[PDB]
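Engineer: A structural model of the following input is requested.
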Amino acid sequence: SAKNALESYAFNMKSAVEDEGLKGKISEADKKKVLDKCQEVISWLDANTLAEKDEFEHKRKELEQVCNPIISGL
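Structural biologist: Numbers count the residues shown, from 1 in each chain. Coordinates below:
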């Protein structure tokens, strides 16, 4: 269930930056970029549930790279 993993992961990063406390711990730009990216994958997840595992696996890598610069300061 790489789809479930991906969406939860994207939800998690999105929730973390958009968290009412972490919202002042991360910079607006990082918060924005990861949220937008999380929305990108999340809206894609909803569209490509039939994707292969590697599609999500790569999407995970993508999402990780967007949140990574933000998570490294969180």
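
Engineer: Helices of this protein, start to end?
Structural biologist: Applying DSSP state H to the chain gives helices spanning 2-17, 28-45, 53-71.

Engineer: center of the chain, which residue is that?
Structural biologist: Against the mean C-alpha coordinate of the chain, by Cα atoms, centre = their mean, the closest residue is residue 10 at 2.9 Å.

Engineer: so how far is residue 69 from it?
Structural biologist: 16 Å (Cβ to Cβ, to the nearest Å). Where you see a C-beta, it was placed from the backbone N, CA and C, and this is true even at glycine.

Engineer: Check residue 47 too.
Structural biologist: Counting by Cβ to Cβ, the gap from residue 47 to residue 69 is 26 Å.

Engineer: who's more crowded, the two?
Structural biologist: residue 69 (14 against 9; other Cβ atoms under 10 Å).

Engineer: check contacts around that one.
Structural biologist: residue 30 (Cβ atoms under 8 Å, 6 or more residues apart in numbering).

Engineer: now residue 44
Structural biologist: Neighbouring residues of residue 44 by Cβ under 8 Å, 6+ apart: residue 59.

Engineer: Against residue 31, how distant is it?
Structural biologist: Taking Cβ to Cβ, one finds residue 44 at 20 Å from residue 31.

Engineer: List phi and psi for the residue of the chain positioned farthest from its centre.
Structural biologist: Going by Cα atoms, centre = their mean, the residue of the chain most distant from its centre is residue 50, 19.3 Å out. Main-chain torsions, residue 50, degrees, to the nearest 10: phi -90, psi 10.

Engineer: From residue 67, how far off is it?
Structural biologist: 25 Å.

Engineer: same check, this time on residue 47
Structural biologist: 21 Å.

Engineer: before we move on, back to that, ok, now which ones touch the residue nearest to the centre of the chain?
Structural biologist: Residue 10 neighbours (Cβ under 8 Å, 6+ apart): 37, 38, 41, 42, 45, 63.
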